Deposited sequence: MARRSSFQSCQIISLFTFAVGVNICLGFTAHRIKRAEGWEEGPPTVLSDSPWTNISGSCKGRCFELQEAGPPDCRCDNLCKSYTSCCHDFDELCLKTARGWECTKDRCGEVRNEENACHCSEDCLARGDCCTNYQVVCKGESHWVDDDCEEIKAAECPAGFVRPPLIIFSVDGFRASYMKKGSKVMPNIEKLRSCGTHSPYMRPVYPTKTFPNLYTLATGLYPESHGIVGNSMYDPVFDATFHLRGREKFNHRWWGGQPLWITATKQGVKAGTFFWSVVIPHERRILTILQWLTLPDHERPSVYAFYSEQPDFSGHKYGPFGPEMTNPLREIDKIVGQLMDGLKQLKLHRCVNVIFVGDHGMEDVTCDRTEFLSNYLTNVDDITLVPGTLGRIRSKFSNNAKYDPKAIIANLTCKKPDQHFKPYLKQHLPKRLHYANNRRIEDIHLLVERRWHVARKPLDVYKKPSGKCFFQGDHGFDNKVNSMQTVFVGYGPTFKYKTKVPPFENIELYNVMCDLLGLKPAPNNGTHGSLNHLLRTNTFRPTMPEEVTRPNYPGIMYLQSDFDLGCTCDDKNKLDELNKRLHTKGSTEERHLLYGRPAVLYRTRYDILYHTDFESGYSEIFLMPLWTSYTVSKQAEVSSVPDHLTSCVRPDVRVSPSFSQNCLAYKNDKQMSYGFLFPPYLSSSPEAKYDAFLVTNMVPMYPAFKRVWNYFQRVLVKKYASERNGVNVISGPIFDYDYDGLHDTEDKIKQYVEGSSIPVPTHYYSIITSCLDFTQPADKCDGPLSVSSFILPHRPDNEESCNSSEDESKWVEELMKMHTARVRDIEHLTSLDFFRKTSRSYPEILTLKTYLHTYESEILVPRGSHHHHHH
């Protein structure tokens, strides 16, 4: 038919139309007018009207809402938004008929965090949002640090494993299809799981501007269309809008992050922001719209002379398919492949040299913090590549100088966040956080109930002036038991030859959030929650001051029937044991005899003891010195389905030979002290400092190439790699930490999401 008066309505005339659709025949005539450019010059200030022009420099254009963004500035004399000083926005100065403040999401591709320190009069509009608004030093993307998984994470509050968009390129073996950046397949909705903000909003009655733009639509027009939509009738006007830009990522790829040619792109991007901000100013909405400026990921120096090649480690590379780049995802090219040997492949990639620039991993063995396993679309073998490098098949694979996609805790991959407007705080500086968290935030701004996500709702209230959500601490589902002396040393046939709570449990007992049965067990130097179902402790709290054998005794508070026994570990060639509270840190020889209790013991592979012994005898003390005492809480994890969630007993696939003692996949530790370190851990009266890790429980150390040398050359390096958020351990244990503190519960939520990166 025609687009007589329907340009970008919310025969087709909408945003996705110039992309594998046919659009109405007149759609370029009417909608993509581009005559006489975008910015008004003094030349046109009178100018009678004209349908052919991009925008209009007439003295009636305000009423139409089809002015150029610089009309009120050039012709009527006012100033750009960027030159005006900044008042506080104590509440929204929105026009009548505005139900809430609109949200405008401004997404920039590859805007590395550090760019903010570059740019004085390169980015004067952005610097002004930054400084007047709520900002953080940096923002952490999800892994992989690639465009599609992050924008969809940002849309959904979900990790990639859950929303399905697991990379720019991927292969679903069940659709038997391939998803790509180029192509029409990605427009099939089957690939896109979860609930994105724009569907959440519409399902609750809040209109949304369509987030995607066809490629053939210039930036300046995307802006104008937004400002046009804002002027629509109230009933039709959206509350949430978004703008995505391919820059500065493109340039970054040509010239690298820190090139000389990057200034220009960053100027171009401030301009488009300025246009947005003079456009808002014009319609009288610059003290009314909520503005988020965010990136999808950072950008690193990557050149093709730094490329490792599979053909140097594998003799027949033509039989496998590699998604190459800044990660590797390996699989069989053919589905009939007899000579395909995943074990042989992982063998031939593992520490063939000291300084190898990638490390192979079955997907269930990567660090848990990446949340990168648990989707059939993630290949089993997966390569983690070193910063500044690349991976490829043969030499057959220089143009590019920057790239991204690395492990999301590396610095160059960190990206930006600024929130400016009525609901956001004023000139305030919140600590760094993760992008999964923002779906909840955007939900709150619009007053939406968020879909279940992987953001911890309440962890980011400290950004907002005005909070709908008051986070309620989860109720406990299993009350513990406090056994006294209930049994006699002689009942036990195990075969084994041989002021507590106030000091060792500083934040209250962890709450068990699933149905099980456990007992609290006090001792002098530590305390524990002992699972009668899993036959070892779910947790073990203790505290070490700054100044701080094969015997196994049975514990008379616990039935022999709910206890482990030495004769299994004696019968399992591959399995030994260790303790969760170490004997080496014993306040007394007498007290030492509790450390050897069977209730304190746990299954450990000998290759793991090396690591664990080193953590307990060396590191905890080292930390204790460094941090003014520490409170440790270690325990075990069962995630045989690698879904990131605590397993039921029927999930466990390994036991100690002939027993019902479950073998953990990982062991955790949460280590806490006072932020203000000059106070000692046990007598802290203020904010907390937490660090934590989830060490994979492996029968070999093939992941650590330097494990031939002494523990002090490699264990800490392993531990830094498996660092974790407390919340990450909560999911894996179904426990709940930090419940009795002097701190408000939103702040404990922020401490629970913190991750020590080790930059």
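Absent C-alpha positions map to the deposited sequence ranges 1-56, 67-73, 461-468, 570-586, 637-645, 857-871, in order along the chain.
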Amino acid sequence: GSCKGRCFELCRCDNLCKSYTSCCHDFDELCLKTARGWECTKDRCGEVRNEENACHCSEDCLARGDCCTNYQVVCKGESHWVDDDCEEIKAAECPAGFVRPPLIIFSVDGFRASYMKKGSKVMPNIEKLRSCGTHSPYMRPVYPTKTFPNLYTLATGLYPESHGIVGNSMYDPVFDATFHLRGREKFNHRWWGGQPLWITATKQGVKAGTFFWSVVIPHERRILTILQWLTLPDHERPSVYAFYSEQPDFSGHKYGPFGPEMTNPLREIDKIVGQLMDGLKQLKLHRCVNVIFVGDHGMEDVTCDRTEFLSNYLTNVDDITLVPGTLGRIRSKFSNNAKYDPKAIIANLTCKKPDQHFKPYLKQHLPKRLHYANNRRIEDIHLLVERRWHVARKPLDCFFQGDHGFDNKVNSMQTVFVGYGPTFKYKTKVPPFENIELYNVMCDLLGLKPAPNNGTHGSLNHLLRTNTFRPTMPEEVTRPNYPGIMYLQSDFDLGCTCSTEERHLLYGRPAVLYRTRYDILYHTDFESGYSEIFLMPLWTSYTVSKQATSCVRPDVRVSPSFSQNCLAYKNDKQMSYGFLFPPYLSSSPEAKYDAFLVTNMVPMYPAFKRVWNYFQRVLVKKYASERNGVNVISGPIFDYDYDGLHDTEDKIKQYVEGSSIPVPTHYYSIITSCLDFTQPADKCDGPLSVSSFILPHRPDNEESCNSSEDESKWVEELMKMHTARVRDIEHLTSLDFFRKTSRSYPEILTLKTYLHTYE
From here on, numbers count along this sequence of modelled residues.
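For the pair 690-698 and 715-723, the mean Cα B-factor is higher in 715-723.
As recorded in the PDB entry, 65-73 is the stretch of 702-710 and 65-73 with the greater mean C-alpha temperature factor.
Among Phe399, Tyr115, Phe358, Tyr530, the highest C-alpha B-factor in the deposited entry belongs to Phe399. Set against one another, the Cα B-factors of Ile670, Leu494, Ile661, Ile104 in the record reach their highest point at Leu494. For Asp444, the recorded CA temperature factor ranks within the lowest third of the chain's modelled residues. Looking at the C-alpha B-factors along this chain, the one for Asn565 belongs to the middle third.
Remark: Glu747 belongs to the middle third of its chain, ranked by C-alpha B-factor as recorded. Sorting the modelled residues of the chain by their CA temperature factor places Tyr244 in the middle third.
Ranked by Cα temperature factor within the chain, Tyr642 sits in the middle third according to the deposited record.
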